[PDB]
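> Dropping in protein.cif, with mmCIF, C-alpha atoms and all ligand atoms.
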data_structure
#
loop_
_atom_site.group_PDB
_atom_site.id
_atom_site.type_symbol
_atom_site.label_atom_id
_atom_site.label_comp_id
_atom_site.auth_asym_id
_atom_site.auth_seq_id
_atom_site.Cartn_x
_atom_site.Cartn_y
_atom_site.Cartn_z
ATOM 1 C CA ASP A 1 -60.135 26.769 147.413
ATOM 2 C CA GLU A 2 -58.011 29.629 148.701
ATOM 3 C CA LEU A 3 -56.490 30.393 145.298
ATOM 4 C CA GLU A 4 -59.926 30.550 143.688
ATOM 5 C CA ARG A 5 -61.173 32.934 146.368
ATOM 6 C CA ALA A 6 -58.079 35.123 146.052
ATOM 7 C CA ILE A 7 -58.659 35.341 142.291
ATOM 8 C CA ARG A 8 -62.357 36.165 142.781
ATOM 9 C CA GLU A 9 -61.309 39.066 145.058
ATOM 10 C CA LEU A 10 -58.767 40.410 142.492
ATOM 11 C CA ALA A 11 -61.339 40.208 139.667
ATOM 12 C CA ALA A 12 -63.913 42.051 141.789
ATOM 13 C CA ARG A 13 -61.367 44.773 142.570
ATOM 14 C CA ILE A 14 -60.314 45.148 138.922
ATOM 15 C CA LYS A 15 -63.920 45.374 137.796
ATOM 16 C CA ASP B 1 -66.214 35.021 135.430
ATOM 17 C CA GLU B 2 -64.391 35.510 132.102
ATOM 18 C CA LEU B 3 -61.965 37.768 133.881
ATOM 19 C CA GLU B 4 -61.659 35.177 136.704
ATOM 20 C CA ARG B 5 -60.989 32.478 134.125
ATOM 21 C CA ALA B 6 -58.272 34.596 132.498
ATOM 22 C CA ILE B 7 -56.543 35.356 135.806
ATOM 23 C CA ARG B 8 -56.643 31.622 136.685
ATOM 24 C CA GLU B 9 -55.040 30.736 133.354
ATOM 25 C CA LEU B 10 -52.265 33.272 133.936
ATOM 26 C CA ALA B 11 -51.768 32.027 137.499
ATOM 27 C CA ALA B 12 -51.534 28.365 136.316
ATOM 28 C CA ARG B 13 -49.058 29.551 133.703
ATOM 29 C CA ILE B 14 -46.792 31.177 136.329
ATOM 30 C CA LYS B 15 -46.938 28.280 138.748
ATOM 31 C CA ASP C 1 -62.416 47.805 131.704
ATOM 32 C CA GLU C 2 -58.928 48.500 130.314
ATOM 33 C CA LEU C 3 -57.037 46.213 132.756
ATOM 34 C CA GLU C 4 -59.716 43.617 132.489
ATOM 35 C CA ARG C 5 -59.419 43.597 128.672
ATOM 36 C CA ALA C 6 -55.658 43.605 128.772
ATOM 37 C CA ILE C 7 -55.714 40.518 131.083
ATOM 38 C CA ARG C 8 -58.332 38.758 128.938
ATOM 39 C CA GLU C 9 -56.261 39.340 125.829
ATOM 40 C CA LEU C 10 -53.036 38.112 127.391
ATOM 41 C CA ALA C 11 -54.724 34.910 128.566
ATOM 42 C CA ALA C 12 -56.296 34.369 125.109
ATOM 43 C CA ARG C 13 -52.862 34.617 123.505
ATOM 44 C CA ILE C 14 -51.207 32.334 126.044
ATOM 45 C CA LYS C 15 -53.588 29.466 125.327
ATOM 46 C CA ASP D 1 -47.449 42.969 122.977
ATOM 47 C CA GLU D 2 -50.264 41.682 125.125
ATOM 48 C CA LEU D 3 -47.799 41.183 127.975
ATOM 49 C CA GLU D 4 -46.252 44.638 128.034
ATOM 50 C CA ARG D 5 -49.735 46.057 127.879
ATOM 51 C CA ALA D 6 -51.078 43.948 130.805
ATOM 52 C CA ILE D 7 -48.070 45.189 132.765
ATOM 53 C CA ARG D 8 -48.706 48.887 131.940
ATOM 54 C CA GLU D 9 -52.469 48.690 132.492
ATOM 55 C CA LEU D 10 -51.706 47.045 135.878
ATOM 56 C CA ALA D 11 -49.262 49.815 136.785
ATOM 57 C CA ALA D 12 -52.005 52.348 135.988
ATOM 58 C CA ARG D 13 -54.419 50.812 138.508
ATOM 59 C CA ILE D 14 -51.882 50.510 141.356
ATOM 60 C CA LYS D 15 -52.636 53.005 144.120
ATOM 61 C CA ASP E 1 -36.801 47.542 125.787
ATOM 62 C CA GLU E 2 -40.601 47.967 125.726
ATOM 63 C CA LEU E 3 -41.041 45.161 128.273
ATOM 64 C CA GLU E 4 -38.141 46.265 130.498
ATOM 65 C CA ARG E 5 -39.676 49.753 130.578
ATOM 66 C CA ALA E 6 -43.192 48.510 131.342
ATOM 67 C CA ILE E 7 -41.664 46.521 134.222
ATOM 68 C CA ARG E 8 -39.725 49.571 135.421
ATOM 69 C CA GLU E 9 -42.996 51.521 135.506
ATOM 70 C CA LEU E 10 -44.819 48.738 137.387
ATOM 71 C CA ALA E 11 -42.107 48.383 140.040
ATOM 72 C CA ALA E 12 -42.123 52.201 140.429
ATOM 73 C CA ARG E 13 -45.866 52.338 141.122
ATOM 74 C CA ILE E 14 -45.757 49.362 143.490
ATOM 75 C CA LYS E 15 -43.050 50.979 145.629
ATOM 76 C CA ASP F 1 -34.000 46.433 141.085
ATOM 77 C CA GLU F 2 -34.915 43.298 143.024
ATOM 78 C CA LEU F 3 -38.631 43.980 142.482
ATOM 79 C CA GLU F 4 -37.947 44.644 138.784
ATOM 80 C CA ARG F 5 -35.938 41.417 138.753
ATOM 81 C CA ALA F 6 -38.786 39.417 140.326
ATOM 82 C CA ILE F 7 -41.362 40.959 138.010
ATOM 83 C CA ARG F 8 -39.072 40.121 135.097
ATOM 84 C CA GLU F 9 -38.838 36.495 136.256
ATOM 85 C CA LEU F 10 -42.634 36.265 136.526
ATOM 86 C CA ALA F 11 -43.161 37.861 133.088
ATOM 87 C CA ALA F 12 -40.818 35.190 131.687
ATOM 88 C CA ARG F 13 -43.015 32.418 133.230
ATOM 89 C CA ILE F 14 -46.098 33.806 131.509
ATOM 90 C CA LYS F 15 -44.208 34.184 128.227
ATOM 91 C CA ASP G 1 -44.027 47.142 150.920
ATOM 92 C CA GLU G 2 -46.539 44.291 151.249
ATOM 93 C CA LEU G 3 -47.220 43.788 147.499
ATOM 94 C CA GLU G 4 -43.502 44.175 146.810
ATOM 95 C CA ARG G 5 -42.514 41.421 149.259
ATOM 96 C CA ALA G 6 -45.300 39.105 148.138
ATOM 97 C CA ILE G 7 -44.041 39.421 144.532
ATOM 98 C CA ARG G 8 -40.375 38.911 145.389
ATOM 99 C CA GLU G 9 -41.189 35.847 147.554
ATOM 100 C CA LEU G 10 -43.309 34.402 144.749
ATOM 101 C CA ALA G 11 -40.553 34.882 142.165
ATOM 102 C CA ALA G 12 -38.004 33.193 144.526
ATOM 103 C CA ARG G 13 -40.359 30.224 144.889
ATOM 104 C CA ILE G 14 -41.198 29.815 141.163
ATOM 105 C CA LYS G 15 -38.370 31.305 139.111
ATOM 106 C CA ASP H 1 -49.130 30.225 149.795
ATOM 107 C CA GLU H 2 -46.950 32.602 147.720
ATOM 108 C CA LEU H 3 -49.210 32.809 144.663
ATOM 109 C CA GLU H 4 -52.471 33.248 146.584
ATOM 110 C CA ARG H 5 -50.853 35.932 148.683
ATOM 111 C CA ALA H 6 -49.384 37.873 145.702
ATOM 112 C CA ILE H 7 -52.853 37.891 144.143
ATOM 113 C CA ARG H 8 -54.453 39.207 147.371
ATOM 114 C CA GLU H 9 -51.781 41.793 147.984
ATOM 115 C CA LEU H 10 -52.282 42.949 144.387
ATOM 116 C CA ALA H 11 -56.023 43.133 144.870
ATOM 117 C CA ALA H 12 -55.494 45.326 147.939
ATOM 118 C CA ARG H 13 -53.489 47.813 145.857
ATOM 119 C CA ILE H 14 -55.928 48.041 142.918
ATOM 120 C CA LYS H 15 -57.723 51.394 142.961
HETATM 121 CL CL CL I 101 -62.131 35.150 150.887
HETATM 122 MG MG MG I 102 -46.967 40.352 153.726
#
What is this file in structure tokens?
Ligand SMILES: [Cl-]
Ligand SMILES: [Mg+2]


Amino acid sequence: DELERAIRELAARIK
Amino acid sequence: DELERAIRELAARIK
Amino acid sequence: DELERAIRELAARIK
Amino acid sequence: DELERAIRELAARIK
Amino acid sequence: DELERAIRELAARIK
Amino acid sequence: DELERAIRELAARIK
Amino acid sequence: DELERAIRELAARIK
Amino acid sequence: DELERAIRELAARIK
């Protein structure tokens, strides 16, 4: 899923 | 993952 | 982890 | 307000 | 208000 | 203003 | 202005 | 589309 991967990227950047 | 889950819940909320 | 906690808390309140 | 805070903590991480 | 100001700050940093 | 407006509209969807 | 446009286009789609 | 993109463009701006 493209939304799930986008969210994974944002969470990685925040952390 | 907990942060990913929270972002997903906020995203679902917006959409 | 300030942003992360802020996001977690907002999601927790929303649901 | 969890919302206002998520918005400020986001603003703080924006380069 | 508090929210309107948080939003003002966020928009400022984005731009 | 338009970015503040959009952010305001999104904040209202989370609320 | 990439984040700014992505946010305004999202708000126009889901206001 | 719009949501996935906003999330990615946000991620790119997170320091
Ligand atoms: Cl990816
Ligand atoms: Mg673009």

> Show which residues sit within 8 Å of residue 4 (chain D), as a list in words. Count all atoms listed in the file, and ignore same-chain residues fewer than 4 positions away.

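So the residues in contact are residues 8 of chain D; 2, 3, 6 and 7 of chain E.
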
> Applied to this file, what does the PyMOL selection byres (((chain F and resi 13) around 8) and not hetatm) return in terms of residues, put as a list in words?

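What the PyMOL selection byres (((chain F and resi 13) around 8) and not hetatm) grabs from the file is residues 13, 14 and 15 of chain B; 9, 10, 11, 12, 14 and 15 of chain F; 15 of chain G.
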
> Least-squares superposition of chain B on chain G, all Cα atoms, in-order pairing: what RMSD comes out, in Å?

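Fitting chain B to chain G over paired C-alpha atoms yields 0.6 Å.
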
> The centre and edge lengths of an axis-aligned box containing all atoms of region 2-15 of chain E present in the file, extended by 8 Å on each side, are to be given in Å to one decimal, as JSON.


{"center_x": -42.0, "center_y": 48.7, "center_z": 135.7, "size_x": 23.7, "size_y": 23.2, "size_z": 35.9}

> Could you rebuild chain G with N, CA and C atoms and give it back as a CSV table (one decimal), keeping the file's coordinate frame?


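Output contents, as saved in selection-v2.csv:
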chain,number,residue,atom,x,y,z
G,1,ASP,N,-44.9,48.0,151.7
G,1,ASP,CA,-44.0,47.1,150.9
G,1,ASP,C,-44.6,45.7,150.9
G,2,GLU,N,-45.9,45.6,151.2
G,2,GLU,CA,-46.5,44.3,151.2
G,2,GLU,C,-46.7,43.6,149.9
G,3,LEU,N,-47.1,44.3,148.9
G,3,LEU,CA,-47.2,43.8,147.5
G,3,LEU,C,-45.8,43.5,147.0
G,4,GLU,N,-44.9,44.4,147.2
G,4,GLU,CA,-43.5,44.2,146.8
G,4,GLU,C,-42.9,42.9,147.4
G,5,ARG,N,-43.1,42.6,148.7
G,5,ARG,CA,-42.5,41.4,149.3
G,5,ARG,C,-43.2,40.2,148.8
G,6,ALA,N,-44.5,40.2,148.6
G,6,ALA,CA,-45.3,39.1,148.1
G,6,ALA,C,-44.8,38.7,146.7
G,7,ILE,N,-44.5,39.7,145.9
G,7,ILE,CA,-44.0,39.4,144.5
G,7,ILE,C,-42.6,38.9,144.6
G,8,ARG,N,-41.7,39.5,145.4
G,8,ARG,CA,-40.4,38.9,145.4
G,8,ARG,C,-40.3,37.5,146.0
G,9,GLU,N,-41.2,37.2,147.0
G,9,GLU,CA,-41.2,35.8,147.6
G,9,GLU,C,-41.8,34.8,146.6
G,10,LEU,N,-42.7,35.3,145.7
G,10,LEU,CA,-43.3,34.4,144.7
G,10,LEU,C,-42.3,34.1,143.7
G,11,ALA,N,-41.6,35.1,143.2
G,11,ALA,CA,-40.6,34.9,142.2
G,11,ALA,C,-39.5,33.9,142.7
G,12,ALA,N,-39.1,34.1,143.9
G,12,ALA,CA,-38.0,33.2,144.5
G,12,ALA,C,-38.5,31.7,144.6
G,13,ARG,N,-39.7,31.5,144.8
G,13,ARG,CA,-40.4,30.2,144.9
G,13,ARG,C,-40.6,29.6,143.5
G,14,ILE,N,-40.9,30.4,142.5
G,14,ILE,CA,-41.2,29.8,141.2
G,14,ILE,C,-40.4,30.3,140.0
G,15,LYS,N,-39.2,30.8,140.2
G,15,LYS,CA,-38.4,31.3,139.1
G,15,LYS,C,-38.0,30.1,138.3
